[PDB]
Amino acid sequence: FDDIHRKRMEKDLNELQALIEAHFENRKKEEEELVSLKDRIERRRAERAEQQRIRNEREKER
Amino acid sequence: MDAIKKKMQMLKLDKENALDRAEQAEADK
Amino acid sequence: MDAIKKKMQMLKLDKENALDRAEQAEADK
Amino acid sequence: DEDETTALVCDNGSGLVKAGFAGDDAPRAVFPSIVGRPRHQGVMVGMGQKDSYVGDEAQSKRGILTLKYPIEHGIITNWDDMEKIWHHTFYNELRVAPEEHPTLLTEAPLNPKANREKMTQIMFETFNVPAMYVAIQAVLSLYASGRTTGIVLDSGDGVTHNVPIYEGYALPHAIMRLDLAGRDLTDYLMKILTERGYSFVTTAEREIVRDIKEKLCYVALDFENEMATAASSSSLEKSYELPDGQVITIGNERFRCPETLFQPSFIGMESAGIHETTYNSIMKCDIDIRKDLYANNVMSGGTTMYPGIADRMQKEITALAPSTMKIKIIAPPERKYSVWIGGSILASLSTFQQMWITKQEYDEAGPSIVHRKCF
Amino acid sequence: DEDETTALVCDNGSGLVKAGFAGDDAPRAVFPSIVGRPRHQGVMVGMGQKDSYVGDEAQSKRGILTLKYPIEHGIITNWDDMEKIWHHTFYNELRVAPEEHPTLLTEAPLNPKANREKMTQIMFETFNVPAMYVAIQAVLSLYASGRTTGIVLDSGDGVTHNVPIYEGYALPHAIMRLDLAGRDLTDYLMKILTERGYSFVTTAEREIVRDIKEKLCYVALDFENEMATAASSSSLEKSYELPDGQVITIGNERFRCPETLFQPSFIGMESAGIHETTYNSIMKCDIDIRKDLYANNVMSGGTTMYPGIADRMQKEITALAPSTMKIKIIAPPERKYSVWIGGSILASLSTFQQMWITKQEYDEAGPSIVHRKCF
């Protein structure tokens, strides 16, 4: 019986460490990859938006 | 709070069992 | 969250205190 | 796709269909016991379109379907729709065929015998299963929770059973079969949401309400106090988003529905509630039994997952129960799906392999054989 | 102009309003629940012309008005327009000031709480009624019919509520609220009259079709045989005269309309019909109740005046009911006026004077009080 309790602590603490790591790392990987990716998407969209604004001004003159 | 859902069950069960033991340990006389 | 921190520690303590009480009371009884 | 002739295990209730193979610790898939049919005239040509849809198909195309549940408060009546549910469960989900596997199904101890006979007949005659075994839901509920002694409180969609078991033995005179279930809560919630100005009467509306209940409802430890505040302030309200973008804000109905479990009079039922039936099933047992049953009230099935339900019943049972003695509710996370797990446990026991009806004995005797071979 | 401070009775529905003085046997002021407004640009000046017209004014000048109904499917959606209906009904036609006449209003048992409290609020804050009561139509129907027991089928313009009462007590778990009513039957007729070459969509047209339905439609005892001949010969056609001297001749549409009561799928409703709901209101009551409700199936409100309906229903319930049992329909000529009559009986009852909410209790509690005091 008390071995059940020990097994529960063994899995919960192995899980705790796996989880402190997975909780943090899954977010740091997904989250930093996401902002890095979307920081670039945001910049590329802003660049394209500026280019289109310029293109629209050029057509207006045409 | 998955961590809590299980830790909650663990502690409620462990304290209830420990308390049941505390109460019996004295109550048995 | 205060609810989880405060009660996880208090329920943990009820367990630890009850466990010690069980051992103590059992030793007396 | 299995590499062994493991038994198939399935709980085909009035709510959900749970299925997987014996030896696992969970059903592999769970879906509603639904067969749907079009309620409209077709006008486009070459549209495919089935005469009937099953399980998730029935819900996915439900916009024009009427949806029926073949199991009525624990018993199978529409066996033809259930043949479709089983075929879908086995072949389109588990990817097994009963012909190559023995199959275990389960029912409550006071479930009419017709249920066990029809389930046996169809699995042997339409699926050609090599063997069958109709299990008791109470047996499976205690196997999953880890008890040989206790009260099975199986409060799911169909019926609440309330049966005491001691050292693996039934104490049948103390069974309090009650017509109070999760299915009644869905319809009751449709009526009290009507009181709030959001009427629900159709299948789509019923499926919406079942979703509201499953996501927003709880019982609470103190009903009257929870009621007094929910009825007085927006601080206890919770919104729900409907499939069509409408939003419903729900207050004390959030718990008044579920409270019917403790106050059955809310739906016109002549009952003292699930805590009293638990209490009396123990009080009708001998005093050398009661000491173990009060300390082991065991939850299984849906509604047991509501916040405050284990504490609510333990409080009421404790209030009715004598002092000195300890009263406790066992309410493991393997809730609502624990009877399936119990089925896996039973199906895989070495002591259970002599309990099977084989497809020899079946044809010689016919389906009534289940009444003598299973229990 | 009345000689006693007797409460008024005002059965205000989605169709019409029957109003009068308690203690009498009939309403004195009968108006449609209509508020009309001009939809055209004026050319002449010094023509009078109202911003809005009510009741009979709304219909008399309807040629250029758009006509709206403040009540829909059993509830008030526009209380300002109901104040206009009520002011006219009370002060011009009944010629009474509510200040000395408490007034009884009506509702369905599962009607949204908001409607019962809003009706209470308007009478107390706009009309300064000394007291209020909102009654259950089923109660009133049973008083008028000389019964304390029965199923009240209040099949009017808004909602069919299908509500059982036994020994004067509600049996709410068995109420079958149904989204099929006289307003839908009118819409169905407009669509099938379109099929015949006579489209009806505008206010004048909507009022004409409702009048056609009331005068020409019936159910009879056998739809398929009635359809077989109506669809084959002019011998079952009836002509209706339109307001401009033109006529419309109607064949099987005459019965296909009200048949929606037995076939709700005709309007896209997921229902088995009014006889299934009547049956379930009886069947869902306890076994020692069922016999008295079978023998007391009560017709009330509108649509009860379709030829063949009282017998059509007795036949359709009998067809679902157990054999031996006597199924009986109560259908006096006082059909549809029975809610008003019951309102008179209840409002003037000495045993019910304490049931009136006074304008003391009202201000201390607010309009939600109607929910706790009326029943």
# chains A, B, ... in the order shown; residues from 1 in each chain; ligands from 1
$ closest_atom_pairs --of "chain B" --to "chain D" --cutoff "10 Å" --atoms "only C-alpha atoms" --output "tab-separated table"
residue	atom	partner	partner_atom	distance
B:5	CA	D:333	CA	8.6
B:6	CA	D:333	CA	8.3
B:9	CA	D:332	CA	8.1
B:13	CA	D:330	CA	9.4
B:16	CA	D:328	CA	9.6
B:20	CA	D:326	CA	8.3
B:23	CA	D:324	CA	9.9
B:24	CA	D:324	CA	9.8
B:27	CA	D:324	CA	8.9
$ closest_atom_pairs --of "chain D" --to "chain E" --cutoff "9 Å" --atoms "only C-alpha atoms" --output "tab-separated table"
residue	atom	partner	partner_atom	distance
D:39	CA	E:270	CA	7.7
D:40	CA	E:268	CA	7.9
D:66	CA	E:270	CA	7.4
D:188	CA	E:173	CA	8.4
D:191	CA	E:110	CA	7.2
D:192	CA	E:110	CA	8.3
D:193	CA	E:112	CA	8.7
D:194	CA	E:112	CA	6.0
D:195	CA	E:112	CA	4.1
D:196	CA	E:112	CA	5.6
D:197	CA	E:112	CA	5.0
D:198	CA	E:112	CA	8.1
D:199	CA	E:112	CA	8.4
D:201	CA	E:178	CA	7.4
D:202	CA	E:270	CA	6.3
D:203	CA	E:270	CA	7.9
D:266	CA	E:173	CA	8.1
D:267	CA	E:173	CA	5.2
D:268	CA	E:173	CA	5.3
D:269	CA	E:173	CA	8.5
$ write_last_selection --atoms "N, CA, C and O atoms" --output "PDB file, in the first residue's frame"
ATOM      1  N   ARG D  39     -35.164  15.501 -41.912  1.00  0.00           N
ATOM      2  CA  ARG D  39     -36.539  15.914 -41.646  1.00  0.00           C
ATOM      3  C   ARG D  39     -37.028  16.870 -42.743  1.00  0.00           C
ATOM      4  O   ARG D  39     -38.021  17.579 -42.573  1.00  0.00           O
ATOM      5  N   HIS D  40     -36.295  16.889 -43.856  1.00  0.00           N
ATOM      6  CA  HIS D  40     -36.549  17.746 -45.016  1.00  0.00           C
ATOM      7  C   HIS D  40     -36.533  16.995 -46.343  1.00  0.00           C
ATOM      8  O   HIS D  40     -35.910  15.940 -46.472  1.00  0.00           O
ATOM      9  N   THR D  66     -33.387  14.908 -37.475  1.00  0.00           N
ATOM     10  CA  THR D  66     -33.996  14.737 -36.159  1.00  0.00           C
ATOM     11  C   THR D  66     -33.091  13.695 -35.525  1.00  0.00           C
ATOM     12  O   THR D  66     -32.664  12.759 -36.217  1.00  0.00           O
ATOM     13  N   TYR D 188     -34.879  19.637 -18.057  1.00  0.00           N
ATOM     14  CA  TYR D 188     -35.247  20.611 -17.049  1.00  0.00           C
ATOM     15  C   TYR D 188     -34.562  21.935 -17.328  1.00  0.00           C
ATOM     16  O   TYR D 188     -35.191  22.991 -17.204  1.00  0.00           O
ATOM     17  N   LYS D 191     -36.332  23.902 -19.883  1.00  0.00           N
ATOM     18  CA  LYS D 191     -37.488  24.608 -19.326  1.00  0.00           C
ATOM     19  C   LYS D 191     -37.125  25.842 -18.471  1.00  0.00           C
ATOM     20  O   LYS D 191     -37.779  26.881 -18.603  1.00  0.00           O
ATOM     21  N   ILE D 192     -36.087  25.771 -17.634  1.00  0.00           N
ATOM     22  CA  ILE D 192     -35.763  26.963 -16.831  1.00  0.00           C
ATOM     23  C   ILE D 192     -35.023  28.032 -17.675  1.00  0.00           C
ATOM     24  O   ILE D 192     -35.037  29.228 -17.361  1.00  0.00           O
ATOM     25  N   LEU D 193     -34.393  27.627 -18.780  1.00  0.00           N
ATOM     26  CA  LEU D 193     -33.806  28.633 -19.657  1.00  0.00           C
ATOM     27  C   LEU D 193     -34.935  29.325 -20.445  1.00  0.00           C
ATOM     28  O   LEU D 193     -34.793  30.496 -20.837  1.00  0.00           O
ATOM     29  N   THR D 194     -36.070  28.622 -20.631  1.00  0.00           N
ATOM     30  CA  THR D 194     -37.257  29.192 -21.262  1.00  0.00           C
ATOM     31  C   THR D 194     -37.769  30.304 -20.340  1.00  0.00           C
ATOM     32  O   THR D 194     -38.110  31.400 -20.792  1.00  0.00           O
ATOM     33  N   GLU D 195     -37.733  30.054 -19.018  1.00  0.00           N
ATOM     34  CA  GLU D 195     -38.166  31.049 -18.024  1.00  0.00           C
ATOM     35  C   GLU D 195     -37.339  32.341 -18.164  1.00  0.00           C
ATOM     36  O   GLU D 195     -37.870  33.438 -17.963  1.00  0.00           O
ATOM     37  N   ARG D 196     -36.079  32.208 -18.566  1.00  0.00           N
ATOM     38  CA  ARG D 196     -35.198  33.364 -18.729  1.00  0.00           C
ATOM     39  C   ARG D 196     -35.357  34.100 -20.066  1.00  0.00           C
ATOM     40  O   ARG D 196     -34.696  35.111 -20.300  1.00  0.00           O
ATOM     41  N   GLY D 197     -36.229  33.599 -20.936  1.00  0.00           N
ATOM     42  CA  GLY D 197     -36.454  34.219 -22.236  1.00  0.00           C
ATOM     43  C   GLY D 197     -35.746  33.544 -23.411  1.00  0.00           C
ATOM     44  O   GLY D 197     -35.727  34.091 -24.516  1.00  0.00           O
ATOM     45  N   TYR D 198     -35.169  32.372 -23.174  1.00  0.00           N
ATOM     46  CA  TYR D 198     -34.485  31.632 -24.224  1.00  0.00           C
ATOM     47  C   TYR D 198     -35.119  30.255 -24.334  1.00  0.00           C
ATOM     48  O   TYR D 198     -34.639  29.294 -23.734  1.00  0.00           O
ATOM     49  N   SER D 199     -36.201  30.157 -25.099  1.00  0.00           N
ATOM     50  CA  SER D 199     -36.894  28.884 -25.234  1.00  0.00           C
ATOM     51  C   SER D 199     -36.093  27.869 -26.032  1.00  0.00           C
ATOM     52  O   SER D 199     -35.497  28.214 -27.053  1.00  0.00           O
ATOM     53  N   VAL D 201     -36.839  23.890 -27.502  1.00  0.00           N
ATOM     54  CA  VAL D 201     -37.765  22.743 -27.626  1.00  0.00           C
ATOM     55  C   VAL D 201     -37.356  21.634 -28.648  1.00  0.00           C
ATOM     56  O   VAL D 201     -37.877  20.518 -28.583  1.00  0.00           O
ATOM     57  N   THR D 202     -36.460  21.947 -29.598  1.00  0.00           N
ATOM     58  CA  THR D 202     -36.106  21.034 -30.716  1.00  0.00           C
ATOM     59  C   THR D 202     -34.846  20.218 -30.436  1.00  0.00           C
ATOM     60  O   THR D 202     -34.193  20.422 -29.412  1.00  0.00           O
ATOM     61  N   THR D 203     -34.501  19.264 -31.328  1.00  0.00           N
ATOM     62  CA  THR D 203     -33.268  18.500 -31.132  1.00  0.00           C
ATOM     63  C   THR D 203     -32.047  19.379 -31.102  1.00  0.00           C
ATOM     64  O   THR D 203     -31.170  19.181 -30.264  1.00  0.00           O
ATOM     65  N   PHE D 266     -38.219  19.124  -8.293  1.00  0.00           N
ATOM     66  CA  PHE D 266     -38.092  20.184  -9.282  1.00  0.00           C
ATOM     67  C   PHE D 266     -38.598  19.712 -10.649  1.00  0.00           C
ATOM     68  O   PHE D 266     -39.076  20.521 -11.447  1.00  0.00           O
ATOM     69  N   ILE D 267     -38.548  18.396 -10.898  1.00  0.00           N
ATOM     70  CA  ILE D 267     -38.994  17.807 -12.155  1.00  0.00           C
ATOM     71  C   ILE D 267     -40.204  16.914 -11.927  1.00  0.00           C
ATOM     72  O   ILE D 267     -40.484  16.033 -12.743  1.00  0.00           O
ATOM     73  N   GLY D 268     -40.881  17.096 -10.787  1.00  0.00           N
ATOM     74  CA  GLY D 268     -42.079  16.343 -10.464  1.00  0.00           C
ATOM     75  C   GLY D 268     -41.813  14.914 -10.008  1.00  0.00           C
ATOM     76  O   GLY D 268     -42.708  14.070 -10.089  1.00  0.00           O
ATOM     77  N   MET D 269     -40.609  14.603  -9.529  1.00  0.00           N
ATOM     78  CA  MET D 269     -40.332  13.241  -9.117  1.00  0.00           C
ATOM     79  C   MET D 269     -40.559  13.017  -7.635  1.00  0.00           C
ATOM     80  O   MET D 269     -40.161  13.815  -6.780  1.00  0.00           O
TER      81      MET D 269
END
$ calpha_fit_and_write --fixed "chain B" --moving "chain C" --output "PDB file with N, CA, C and O atoms, in the first residue's frame"
ATOM      1  N   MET C   1      -5.331  22.267 -14.890  1.00  0.00           N
ATOM      2  CA  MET C   1      -3.976  21.887 -15.070  1.00  0.00           C
ATOM      3  C   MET C   1      -3.879  20.604 -14.298  1.00  0.00           C
ATOM      4  O   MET C   1      -4.385  20.516 -13.180  1.00  0.00           O
ATOM      5  N   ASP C   2      -3.229  19.595 -14.839  1.00  0.00           N
ATOM      6  CA  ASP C   2      -3.190  18.358 -14.095  1.00  0.00           C
ATOM      7  C   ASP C   2      -2.524  18.506 -12.764  1.00  0.00           C
ATOM      8  O   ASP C   2      -2.955  17.926 -11.777  1.00  0.00           O
ATOM      9  N   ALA C   3      -1.493  19.317 -12.683  1.00  0.00           N
ATOM     10  CA  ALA C   3      -0.813  19.422 -11.417  1.00  0.00           C
ATOM     11  C   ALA C   3      -1.738  19.912 -10.327  1.00  0.00           C
ATOM     12  O   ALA C   3      -1.744  19.370  -9.223  1.00  0.00           O
ATOM     13  N   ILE C   4      -2.600  20.860 -10.650  1.00  0.00           N
ATOM     14  CA  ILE C   4      -3.435  21.405  -9.616  1.00  0.00           C
ATOM     15  C   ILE C   4      -4.587  20.471  -9.336  1.00  0.00           C
ATOM     16  O   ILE C   4      -4.952  20.260  -8.187  1.00  0.00           O
ATOM     17  N   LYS C   5      -5.142  19.839 -10.360  1.00  0.00           N
ATOM     18  CA  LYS C   5      -6.270  18.996 -10.069  1.00  0.00           C
ATOM     19  C   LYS C   5      -5.846  17.760  -9.330  1.00  0.00           C
ATOM     20  O   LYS C   5      -6.440  17.400  -8.308  1.00  0.00           O
ATOM     21  N   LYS C   6      -4.781  17.140  -9.800  1.00  0.00           N
ATOM     22  CA  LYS C   6      -4.339  15.912  -9.215  1.00  0.00           C
ATOM     23  C   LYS C   6      -3.807  16.119  -7.823  1.00  0.00           C
ATOM     24  O   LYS C   6      -4.127  15.330  -6.934  1.00  0.00           O
ATOM     25  N   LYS C   7      -3.042  17.180  -7.580  1.00  0.00           N
ATOM     26  CA  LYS C   7      -2.540  17.321  -6.246  1.00  0.00           C
ATOM     27  C   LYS C   7      -3.563  17.952  -5.350  1.00  0.00           C
ATOM     28  O   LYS C   7      -3.556  17.684  -4.162  1.00  0.00           O
ATOM     29  N   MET C   8      -4.461  18.802  -5.841  1.00  0.00           N
ATOM     30  CA  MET C   8      -5.403  19.309  -4.877  1.00  0.00           C
ATOM     31  C   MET C   8      -6.204  18.146  -4.365  1.00  0.00           C
ATOM     32  O   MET C   8      -6.440  18.051  -3.163  1.00  0.00           O
ATOM     33  N   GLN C   9      -6.596  17.217  -5.241  1.00  0.00           N
ATOM     34  CA  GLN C   9      -7.361  16.105  -4.726  1.00  0.00           C
ATOM     35  C   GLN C   9      -6.499  15.205  -3.849  1.00  0.00           C
ATOM     36  O   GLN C   9      -6.961  14.772  -2.799  1.00  0.00           O
ATOM     37  N   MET C  10      -5.240  14.950  -4.215  1.00  0.00           N
ATOM     38  CA  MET C  10      -4.430  14.075  -3.380  1.00  0.00           C
ATOM     39  C   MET C  10      -4.084  14.666  -2.040  1.00  0.00           C
ATOM     40  O   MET C  10      -4.060  13.946  -1.051  1.00  0.00           O
ATOM     41  N   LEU C  11      -3.862  15.970  -1.979  1.00  0.00           N
ATOM     42  CA  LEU C  11      -3.503  16.590  -0.729  1.00  0.00           C
ATOM     43  C   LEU C  11      -4.766  16.677   0.118  1.00  0.00           C
ATOM     44  O   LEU C  11      -4.705  16.515   1.339  1.00  0.00           O
ATOM     45  N   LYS C  12      -5.923  16.877  -0.537  1.00  0.00           N
ATOM     46  CA  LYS C  12      -7.202  16.887   0.147  1.00  0.00           C
ATOM     47  C   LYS C  12      -7.410  15.512   0.771  1.00  0.00           C
ATOM     48  O   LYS C  12      -7.835  15.410   1.920  1.00  0.00           O
ATOM     49  N   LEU C  13      -7.090  14.456   0.012  1.00  0.00           N
ATOM     50  CA  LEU C  13      -7.206  13.100   0.503  1.00  0.00           C
ATOM     51  C   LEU C  13      -6.203  12.819   1.592  1.00  0.00           C
ATOM     52  O   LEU C  13      -6.553  12.190   2.580  1.00  0.00           O
ATOM     53  N   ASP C  14      -4.974  13.335   1.505  1.00  0.00           N
ATOM     54  CA  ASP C  14      -4.054  13.078   2.596  1.00  0.00           C
ATOM     55  C   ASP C  14      -4.655  13.641   3.862  1.00  0.00           C
ATOM     56  O   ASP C  14      -4.590  12.995   4.909  1.00  0.00           O
ATOM     57  N   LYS C  15      -5.290  14.814   3.762  1.00  0.00           N
ATOM     58  CA  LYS C  15      -5.924  15.434   4.909  1.00  0.00           C
ATOM     59  C   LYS C  15      -7.070  14.619   5.439  1.00  0.00           C
ATOM     60  O   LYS C  15      -7.174  14.426   6.650  1.00  0.00           O
ATOM     61  N   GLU C  16      -7.957  14.170   4.555  1.00  0.00           N
ATOM     62  CA  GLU C  16      -9.129  13.420   4.976  1.00  0.00           C
ATOM     63  C   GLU C  16      -8.745  12.082   5.547  1.00  0.00           C
ATOM     64  O   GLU C  16      -9.331  11.616   6.527  1.00  0.00           O
ATOM     65  N   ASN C  17      -7.735  11.468   4.962  1.00  0.00           N
ATOM     66  CA  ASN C  17      -7.319  10.170   5.397  1.00  0.00           C
ATOM     67  C   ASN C  17      -6.597  10.308   6.707  1.00  0.00           C
ATOM     68  O   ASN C  17      -6.776   9.494   7.608  1.00  0.00           O
ATOM     69  N   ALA C  18      -5.778  11.347   6.830  1.00  0.00           N
ATOM     70  CA  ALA C  18      -5.045  11.587   8.043  1.00  0.00           C
ATOM     71  C   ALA C  18      -5.977  11.973   9.157  1.00  0.00           C
ATOM     72  O   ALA C  18      -5.787  11.566  10.299  1.00  0.00           O
ATOM     73  N   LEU C  19      -7.017  12.715   8.835  1.00  0.00           N
ATOM     74  CA  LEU C  19      -7.969  13.124   9.825  1.00  0.00           C
ATOM     75  C   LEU C  19      -8.658  11.885  10.359  1.00  0.00           C
ATOM     76  O   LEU C  19      -8.769  11.724  11.578  1.00  0.00           O
ATOM     77  N   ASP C  20      -9.085  10.983   9.462  1.00  0.00           N
ATOM     78  CA  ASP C  20      -9.750   9.778   9.916  1.00  0.00           C
ATOM     79  C   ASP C  20      -8.789   8.901  10.694  1.00  0.00           C
ATOM     80  O   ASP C  20      -9.183   8.286  11.687  1.00  0.00           O
ATOM     81  N   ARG C  21      -7.520   8.857  10.268  1.00  0.00           N
ATOM     82  CA  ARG C  21      -6.519   8.082  10.972  1.00  0.00           C
ATOM     83  C   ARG C  21      -6.278   8.656  12.341  1.00  0.00           C
ATOM     84  O   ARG C  21      -6.017   7.915  13.280  1.00  0.00           O
ATOM     85  N   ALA C  22      -6.317   9.977  12.472  1.00  0.00           N
ATOM     86  CA  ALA C  22      -6.118  10.555  13.775  1.00  0.00           C
ATOM     87  C   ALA C  22      -7.231  10.164  14.696  1.00  0.00           C
ATOM     88  O   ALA C  22      -6.982   9.763  15.826  1.00  0.00           O
ATOM     89  N   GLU C  23      -8.460  10.187  14.191  1.00  0.00           N
ATOM     90  CA  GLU C  23      -9.589   9.840  15.023  1.00  0.00           C
ATOM     91  C   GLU C  23      -9.560   8.371  15.389  1.00  0.00           C
ATOM     92  O   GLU C  23      -9.838   7.993  16.530  1.00  0.00           O
ATOM     93  N   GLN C  24      -9.182   7.543  14.425  1.00  0.00           N
ATOM     94  CA  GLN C  24      -9.134   6.119  14.621  1.00  0.00           C
ATOM     95  C   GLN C  24      -8.032   5.737  15.586  1.00  0.00           C
ATOM     96  O   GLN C  24      -8.264   4.996  16.545  1.00  0.00           O
ATOM     97  N   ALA C  25      -6.831   6.232  15.332  1.00  0.00           N
ATOM     98  CA  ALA C  25      -5.712   5.913  16.167  1.00  0.00           C
ATOM     99  C   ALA C  25      -5.914   6.482  17.548  1.00  0.00           C
ATOM    100  O   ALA C  25      -5.522   5.851  18.522  1.00  0.00           O
ATOM    101  N   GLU C  26      -6.528   7.663  17.652  1.00  0.00           N
ATOM    102  CA  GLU C  26      -6.754   8.253  18.949  1.00  0.00           C
ATOM    103  C   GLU C  26      -7.716   7.387  19.717  1.00  0.00           C
ATOM    104  O   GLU C  26      -7.560   7.199  20.915  1.00  0.00           O
ATOM    105  N   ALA C  27      -8.743   6.861  19.040  1.00  0.00           N
ATOM    106  CA  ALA C  27      -9.690   5.976  19.692  1.00  0.00           C
ATOM    107  C   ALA C  27      -8.993   4.716  20.212  1.00  0.00           C
ATOM    108  O   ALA C  27      -9.319   4.230  21.298  1.00  0.00           O
ATOM    109  N   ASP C  28      -8.004   4.216  19.458  1.00  0.00           N
ATOM    110  CA  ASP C  28      -7.239   3.041  19.879  1.00  0.00           C
ATOM    111  C   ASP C  28      -6.278   3.356  21.025  1.00  0.00           C
ATOM    112  O   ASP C  28      -5.988   2.490  21.857  1.00  0.00           O
ATOM    113  N   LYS C  29      -5.759   4.581  21.040  1.00  0.00           N
ATOM    114  CA  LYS C  29      -4.765   5.026  22.000  1.00  0.00           C
ATOM    115  C   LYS C  29      -5.344   6.036  22.990  1.00  0.00           C
ATOM    116  O   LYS C  29      -6.033   5.647  23.935  1.00  0.00           O
TER     117      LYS C  29
END
$ calpha_fit_rmsd --fixed "chain E" --moving "chain D"
0.6 Å
$ select_by_dssp --residues "range 109-302 of chain D" --states "strand (DSSP E)" --output "compact mmCIF listing (two decimals) with N, CA, C and O atoms, in the first residue's frame"
# COMPACT_ATOMS: atom_id res chain seq x y z
N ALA D 131 -18.17 -14.78 -28.98
CA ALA D 131 -18.63 -14.89 -27.61
C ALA D 131 -19.21 -13.58 -27.08
O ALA D 131 -18.83 -12.48 -27.51
N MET D 132 -20.06 -13.70 -26.08
CA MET D 132 -20.65 -12.54 -25.41
C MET D 132 -20.71 -12.59 -23.92
O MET D 132 -20.89 -13.64 -23.31
N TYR D 133 -20.70 -11.41 -23.30
CA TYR D 133 -20.81 -11.31 -21.84
C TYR D 133 -21.42 -9.98 -21.39
O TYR D 133 -20.81 -8.92 -21.56
N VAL D 134 -22.63 -10.02 -20.81
CA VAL D 134 -23.26 -8.81 -20.35
C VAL D 134 -22.90 -8.66 -18.89
O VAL D 134 -23.23 -9.50 -18.05
N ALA D 135 -22.20 -7.58 -18.61
CA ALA D 135 -21.67 -7.25 -17.31
C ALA D 135 -22.57 -6.32 -16.56
O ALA D 135 -23.39 -5.61 -17.15
N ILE D 136 -22.39 -6.31 -15.27
CA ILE D 136 -23.13 -5.42 -14.41
C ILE D 136 -22.37 -4.10 -14.25
O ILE D 136 -21.21 -4.10 -13.83
N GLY D 150 -18.73 -1.31 -1.23
CA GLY D 150 -19.14 0.08 -1.37
C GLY D 150 -20.49 0.24 -2.06
O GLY D 150 -21.16 -0.74 -2.41
N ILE D 151 -20.90 1.50 -2.22
CA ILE D 151 -22.18 1.79 -2.88
C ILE D 151 -21.94 2.32 -4.25
O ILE D 151 -21.25 3.32 -4.42
N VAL D 152 -22.55 1.71 -5.25
CA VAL D 152 -22.34 2.28 -6.56
C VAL D 152 -23.36 3.34 -6.86
O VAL D 152 -24.57 3.08 -6.96
N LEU D 153 -22.84 4.54 -7.05
CA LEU D 153 -23.59 5.73 -7.36
C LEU D 153 -23.22 6.08 -8.78
O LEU D 153 -22.24 6.78 -9.02
N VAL D 163 -26.57 0.82 -5.79
CA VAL D 163 -26.48 -0.56 -5.22
C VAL D 163 -25.31 -0.83 -4.27
O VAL D 163 -24.16 -0.53 -4.60
N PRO D 164 -25.57 -1.35 -3.07
CA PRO D 164 -24.57 -1.80 -2.14
C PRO D 164 -24.04 -3.17 -2.53
O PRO D 164 -24.84 -4.09 -2.80
N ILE D 165 -22.72 -3.29 -2.50
CA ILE D 165 -21.98 -4.53 -2.73
C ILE D 165 -21.02 -4.73 -1.54
O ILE D 165 -20.33 -3.79 -1.14
N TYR D 166 -20.99 -5.93 -0.96
CA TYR D 166 -20.07 -6.19 0.17
C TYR D 166 -19.21 -7.42 -0.09
O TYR D 166 -19.72 -8.50 -0.36
N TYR D 169 -20.17 -9.34 -3.05
CA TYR D 169 -21.55 -9.87 -3.07
C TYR D 169 -22.59 -8.79 -3.20
O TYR D 169 -22.47 -7.70 -2.64
N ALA D 170 -23.67 -9.09 -3.91
CA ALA D 170 -24.72 -8.09 -3.99
C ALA D 170 -25.56 -8.15 -2.74
O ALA D 170 -25.81 -9.24 -2.20
N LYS D 238 -22.79 33.13 -15.68
CA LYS D 238 -21.83 32.72 -16.69
C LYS D 238 -22.48 32.65 -18.05
O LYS D 238 -23.57 32.08 -18.21
N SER D 239 -21.83 33.25 -19.03
CA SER D 239 -22.36 33.19 -20.37
C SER D 239 -21.98 31.93 -21.13
O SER D 239 -20.95 31.28 -20.88
N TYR D 240 -22.79 31.65 -22.13
CA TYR D 240 -22.59 30.57 -23.06
C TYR D 240 -22.83 31.05 -24.49
O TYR D 240 -23.79 31.76 -24.79
N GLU D 241 -21.93 30.64 -25.37
CA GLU D 241 -22.03 30.98 -26.78
C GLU D 241 -22.69 29.87 -27.57
O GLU D 241 -22.21 28.74 -27.59
N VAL D 247 -25.85 34.68 -27.60
CA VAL D 247 -25.28 34.48 -26.28
C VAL D 247 -26.37 34.48 -25.22
O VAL D 247 -27.24 35.37 -25.19
N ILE D 248 -26.30 33.46 -24.39
CA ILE D 248 -27.22 33.28 -23.29
C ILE D 248 -26.47 33.49 -21.99
O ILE D 248 -25.37 32.96 -21.81
N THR D 249 -27.03 34.27 -21.09
CA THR D 249 -26.40 34.46 -19.79
C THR D 249 -27.26 33.71 -18.81
O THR D 249 -28.48 33.94 -18.77
N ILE D 250 -26.63 32.81 -18.05
CA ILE D 250 -27.28 31.92 -17.10
C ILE D 250 -26.87 32.18 -15.65
O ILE D 250 -25.68 32.31 -15.34
N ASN D 297 -18.74 5.25 -0.34
CA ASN D 297 -19.79 5.61 -1.28
C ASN D 297 -19.04 5.93 -2.56
O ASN D 297 -18.15 6.77 -2.53
N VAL D 298 -19.26 5.19 -3.65
CA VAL D 298 -18.41 5.36 -4.82
C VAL D 298 -19.08 5.91 -6.06
O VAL D 298 -20.01 5.31 -6.60
N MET D 299 -18.56 7.03 -6.56
CA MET D 299 -19.11 7.65 -7.75
C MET D 299 -18.61 7.08 -9.06
O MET D 299 -17.41 6.81 -9.24
